[PDB]
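Q: opening with a subset of the complex:
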Amino acid sequence: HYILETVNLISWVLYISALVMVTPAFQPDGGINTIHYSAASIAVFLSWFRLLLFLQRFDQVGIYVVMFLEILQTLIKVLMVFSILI
C-alpha cells in the first residue's frame, strides 16, 4: 500500500533525478550531456513543488493549498475525458 500514497512517488522521482544531475561533479572527465540538463530541470521543479505539500498545515496560507490540490483532482478526471476532443 506504499504505491497508493502518491506523495512517495514524487519523492522517488526527485531523488533519482537529483543523483543523475550530480554525477558530472564526481567524474575525472566531468562531461555533460542532454540527460543532465533534463535531470536538473526535473529536480528543481519537483523540489519546489514538494515544498507546497508542507505549507498545507499552516494558518492563513494553508487553506489555499487545499484549494489548489482539490481543483487539481477534478481537473485530472476531466482532462482525460476531454482529451477525446483534442
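A: Alright, I've got the coordinates. Residues are numbered from 1 along each chain as shown, chains lettered A, B, ... in the order given.

Q: who's in contact with the most centrally placed residue in chain A?
A: Most central in chain A under Cα atoms, centre = their mean is residue A:46, positioned 3.3 Å from the mean C-alpha point. When contacts are counted by Cβ atoms under 8 Å, 6 or more residues apart in numbering, residue A:46 touches A:10, A:13-14, A:17. Bear in mind the C-beta positions are built from the backbone N, C-alpha and C, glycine included.

Q: among the residues you listed, which one has the most neighbours?
A: Each of the contacts of residue A:46 was scored by neighbours using other Cβ atoms under 10 Å; the highest score is residue A:17's, at 20 neighbours.

Q: just to revisit the earlier point, please point out which parts of the helix or strand where the residue nearest to the centre of chain A lies sit buried.
A: Applying DSSP states H and E as the criterion places residue A:46 in helix A:34-49. Neighbour counts using 16 or more other Cβ atoms under 10 Å place A:39-40, A:42-43, A:46 of helix A:34-49 among the buried residues.

Q: repeat that for stretch A:60-67.
A: residue A:65.

Q: so what touches it?
A: Contacts of stretch A:60-67 (Cβ under 8 Å, 6+ apart): A:52-53, A:55-56.

Q: mind checking which of those land in strands?
A: Residues from the contacts of stretch A:60-67 lying in strands, with DSSP state E as the criterion: none.

Q: okay, chain B goes in next:
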Amino acid sequence: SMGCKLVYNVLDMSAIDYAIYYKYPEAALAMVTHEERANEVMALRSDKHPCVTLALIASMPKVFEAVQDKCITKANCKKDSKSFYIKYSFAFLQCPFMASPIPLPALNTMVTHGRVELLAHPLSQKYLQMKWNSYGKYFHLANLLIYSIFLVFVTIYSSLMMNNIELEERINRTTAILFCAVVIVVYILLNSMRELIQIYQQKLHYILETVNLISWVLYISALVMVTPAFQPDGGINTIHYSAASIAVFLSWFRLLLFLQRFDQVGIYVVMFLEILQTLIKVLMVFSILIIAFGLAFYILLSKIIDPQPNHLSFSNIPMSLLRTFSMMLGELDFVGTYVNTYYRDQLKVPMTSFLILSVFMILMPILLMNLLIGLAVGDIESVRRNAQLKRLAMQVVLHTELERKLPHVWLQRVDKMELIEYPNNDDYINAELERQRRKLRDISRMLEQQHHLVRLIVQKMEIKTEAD
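A: Next up, chain B placed on what we already have:
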C-alpha cells in the same frame, strides 16, 4: 407601578440581570419600556453587565428596537403640518459611564455584532446626520477638495515636463512649470505639519495603518520630481523620470481611497480592496510555482546557440521569473520559441522542453488562473450580501476616527441632545422557533397544574347513585 426598590441580591445581580441572562424578552420589555420608571431601570451599574444599553444590543436586540421607538415622540398637531414636530431624544445612545475615551460607544457596539436593523432605525439615522451636519460634513468636503487641487497640479506638471525637454538633458524653466512647482512643494510642507501631529497621537501604531505609507512614498517622490525646476542648471536624470511615474500613479491610486464612501460608486471600491487582500495572501504562496517553473525554463532554454529575440528573455534568473509570470496571462509563444527552433535543430533539450511546457499549460494558465477567478466570485457575493451593513459600518467609523482627532472642548458645544425637528431570513426563523418554544412551555405548565386538580376531584367526589 407601586414603587419597588431596585436593589441587588447576595449574588450581586439585579432584576434586569436575570431577564438578560435567562433571555426572557417580554419580561425585560415590561421594565425598560415602563411608563414612569424606564429611566431608572436604564441607569444601573453591575459586574455581569456594566452598562445595560450595551448589554441589550449584544444579547437581545428586539428589546432595544422598542426602546428606540419610545424616543420618537410625535406631537398631535395633525392639521396642515403646521406644528407637527417630531422630538428626537437620544439619551441612551450616549453612555456616560460605559469614564471611557470611546467616542460613539453604542453605535460601535452594534457594528461588531452586526445589528443592521438597529443601525437603520430612524433614531440612529437622525443621530448620525445631526453629527454630520454640524462638524462632519466640512471635514470631509474640505479634505477631498484640497487633495483634488494637488492631484491636478501633479498631472499638469508631468505633462509640462514631457513637452519641455532639451539637448545630458535639461528642462526649459518656464513660468508655467514654475508656478506648478511651487504649489506642490507648499502642499508637502503644509501636509507634513499634519502628519507629525498624527505621530504623537498614534505612537508606533502609525506604521500599521498602510494608508499612511502610501502618503509618505507619494510625498517624497513628488519632491524628487520637482527639484529640476529649482536649480540653475535644471538638469534631468533617470531618477526624475522614475519619481514622476511613481508620483502620478500613486496620486490617482489614492483618489480611489476617497471614493469608498459615496453612494453607487462606493461599493465597487470595497469589492476591489477586498479581493486585493486575498490576492496578496495567495500570490506569496504560489510564488513558489513561479520559482519552480522559472528556474526550470532557465535550465532548458538559456544555452540555445544563436539566441533570437524570443529566447533572450530566459538568459537570467530575474528575467525568467518575469517571463514565466507573463506567459500565464496568455503570451505563451508556442510556435516561435518551441516549434521553429525544434525544426531548425536548435532546441537544446527537445523532449523535456515539451514536457515542462505541457505541465506548465495544465496548471499555470488554466488551474492557477481559475483559482483566482473562483476566489473573486466568492468574495464579491460576500460583499453583496453584506452591502447594507458595510455602508452603515463605514458611516460610523468615519465619525469615530474623526472624534479622536478634534479637541473635546469644541465637541460639547456642538454635541446636541434632545433634537427637535419642526417639519437570508435566518434571524427570523430562529427568532420564531425560539418564540414557540416559550409558548409550548406555558401550555405544558398550565396543563400539569390542571391535571393535578382533575385528579383531585375524583379522589374526593361524592358517588352515591352511580356506585357499582
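
Q: in light of the added chain B, please revisit the contacts of stretch A:60-67.
A: Here stretch A:60-67 makes contact (Cβ atoms under 8 Å, 6 or more residues apart in numbering or on different chains) with A:52-53, A:55-56, B:281-282, B:284-286, B:371, B:374-375.

Q: ok, back up a step: tilt between the helix holding residue A:46 and helix B:350-362?
A: 20 degrees (axes from the mean of the first three to the mean of the last three Cα atoms, to 10 degrees).

Q: do helix A:34-49 and chain B meet at all?
A: Yes. Residues of helix A:34-49 contacting chain B under Cβ under 8 Å from any Cβ of the partner chain: A:34, A:37-38, A:40-42, A:44-45, A:48-49.

Q: quick revisit: okay if I get the contacts of stretch A:60-67 as TSV plus neighbour count?
A: Shown next, in TSV, are the contacts of stretch A:60-67 (neighbours: other Cβ atoms under 10 Å in any protein chain shown):
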residue	neighbour count
A:52	17
A:53	13
A:55	13
A:56	14
B:281	13
B:282	19
B:284	11
B:285	18
B:286	17
B:371	18
B:374	12
B:375	17
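
Q: how far does the helix holding residue A:46 sit from its chain's centre?
A: Remark: helix A:34-49 is offset 9 Å from the chain centroid, using Cα atoms, centre = their mean, to the nearest Å.

Q: following element in sequence after that helix, please.
A: Next along from helix A:34-49, by DSSP H and E: helix A:63-78.

Q: how far off centre is that next one?
A: On Cα atoms, centre = their mean, the centre of helix A:63-78 falls 16 Å from the chain's centre.

Q: chain C should go on the structure too:
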Amino acid sequence: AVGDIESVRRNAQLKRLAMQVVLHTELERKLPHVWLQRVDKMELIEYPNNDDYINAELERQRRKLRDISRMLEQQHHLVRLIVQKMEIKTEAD
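A: Let me put chain C in with the others:
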C-alpha cells in the same frame, strides 16, 4: 473551479481540524509504543448553514407535542369519568 472553492470555504473550519488530527494519527503509527506511554499524559493540571439547528429544534418540539398529547388524553379519561359518576339532584331535568 468556482464550485470547488466555495465547497472548501464552507468547510474550512473542519478541514483545519481534520488535518490537525491526521497529523498526529499518522505520526503515532511510526513511533514505537514504548516511547509514547511515558509522554502519554492523563489528567492534565494547568495552574494558569444552520441546518443542524433547525433540525435539532423541530425534533425537540416533536417530543414536546407528544408529551402534551399524552397528558391531555389521560386527563380526558378522568373528566369523562366525572360525568359518569357525578351526583345530580338539584339541576336534574
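
Q: ok chain C is in now, so what about the buried residues of helix A:34-49?
A: Under the neighbour-count criterion of 16 or more other Cβ atoms under 10 Å in any protein chain shown, helix A:34-49 has A:36-46, A:48-49 buried.

Q: which of these lies closest to chain C?
A: Using Cβ to the nearest Cβ, residue A:49 is the member of these that sits closest to chain C, with 19.5 Å.

Q: ok, back up a step: extract the CA atoms of the helix holding residue A:46 and return them as PDB.
A: The C-alpha trace of helix A:34-49 is given here as PDB (Å, rounded to 0.1, in the frame of the first residue of the first chain):
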ATOM      1  CA  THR A  34      21.400  16.400 -22.500                       C
ATOM      2  CA  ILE A  35      20.400  13.900 -19.800                       C
ATOM      3  CA  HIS A  36      21.900  16.100 -17.200                       C
ATOM      4  CA  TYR A  37      20.100  19.200 -18.300                       C
ATOM      5  CA  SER A  38      16.900  17.300 -18.300                       C
ATOM      6  CA  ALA A  39      17.500  15.800 -14.900                       C
ATOM      7  CA  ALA A  40      18.400  19.200 -13.400                       C
ATOM      8  CA  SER A  41      15.100  20.700 -14.600                       C
ATOM      9  CA  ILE A  42      13.000  17.900 -13.200                       C
ATOM     10  CA  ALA A  43      14.900  18.000  -9.800                       C
ATOM     11  CA  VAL A  44      14.500  21.800  -9.500                       C
ATOM     12  CA  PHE A  45      10.800  21.700 -10.400                       C
ATOM     13  CA  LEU A  46       9.900  18.900  -8.000                       C
ATOM     14  CA  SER A  47      12.000  20.300  -5.200                       C
ATOM     15  CA  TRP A  48       9.900  23.400  -5.100                       C
ATOM     16  CA  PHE A  49       6.600  21.600  -5.900                       C
END
